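Here's a solo chain for you in structure tokens, the form deposited in one PDB entry.
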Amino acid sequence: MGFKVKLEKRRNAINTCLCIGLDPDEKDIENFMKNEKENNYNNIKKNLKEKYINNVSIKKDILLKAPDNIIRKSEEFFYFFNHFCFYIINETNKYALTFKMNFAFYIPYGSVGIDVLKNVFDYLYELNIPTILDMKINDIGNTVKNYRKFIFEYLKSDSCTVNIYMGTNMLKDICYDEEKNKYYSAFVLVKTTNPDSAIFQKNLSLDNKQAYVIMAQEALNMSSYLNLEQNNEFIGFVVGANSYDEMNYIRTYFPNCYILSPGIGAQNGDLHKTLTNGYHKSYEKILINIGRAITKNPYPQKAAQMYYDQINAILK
């Protein structure tokens, strides 16, 4: 029951390859607190009723207290940050094949944000939903082990994004752990959504080949080593939604490779043929990430539904 397995059954369960993004910023938080207050803590009282919130590991005592009597403190931010996350998850989780949290949004406040991240992952883990920590990690072997522990041991995440520009061997200490054997899954950065994400990814080359291809190439040869596949794990690729051209090629010369693709909502895309279409397969190997487009929309569940039906409205 490695990641590969866990993905497959969630796919049948909901028939969709939608990856909901959970990158809450200071605005979402302070805003969530505002309206929630002038609505008599609607969504939060609704949170407190959900099942798994009872199995939280960090400051459950506080998270479970009634709203108002939290103005009776320095724990306030923590309270609303966490509840906002539980809220979006509760409101959209049934439409998502997986969930991807970007590490960067949980560290700008120090400790407090990691406690939230930790609970967030303990929540999805109980909900038994596939997770992806978008932490685009990278460093030397020795150091990398630390990212591996945090991600796969502490947060019990199912996968994480990785940047191998520094070298492919680094994966040896990210997707594998000798001491316990254990094999983990990761997504390498191939084609990113940065407007200028071509200066190095397209403009750089080797044997007429564009860097992103050599990079995808290597990433795989490393997967063969470690025999992740044999252990139901894999090393997929992050392919920007607006890289139609490049998207189709990866899918072709890498038939059964797992692809993660962000960029349609808040970065202007074309769902139809911005993935899914370009880069089809028994999907799930083509994850469509949408975050801000959903997390900032005033009717999250609605927005979610919308993209769900929409994405699914593509049976070819």
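Rigid core here is just the name for the largest C-alpha set that superposes within 1.5 Å across the two forms. Start at 1 with the first residue shown and count on from there.
Another form exists, deposited in another entry; not displayed. Remarks below refer to it.
- Per-residue Cα shift between this form and the one not shown after core alignment stays below 2 Å for all of 45, 37, 281, 60 except 281.
- Panel note: the distance between the CA atoms of residue 278 and residue 187 is smaller in the other entry than in this form, the difference being 3 Å or more.
- A change of 3 Å or more separates the two forms for residue 278 and residue 171: their C-alpha atoms lie closer together in the other entry.
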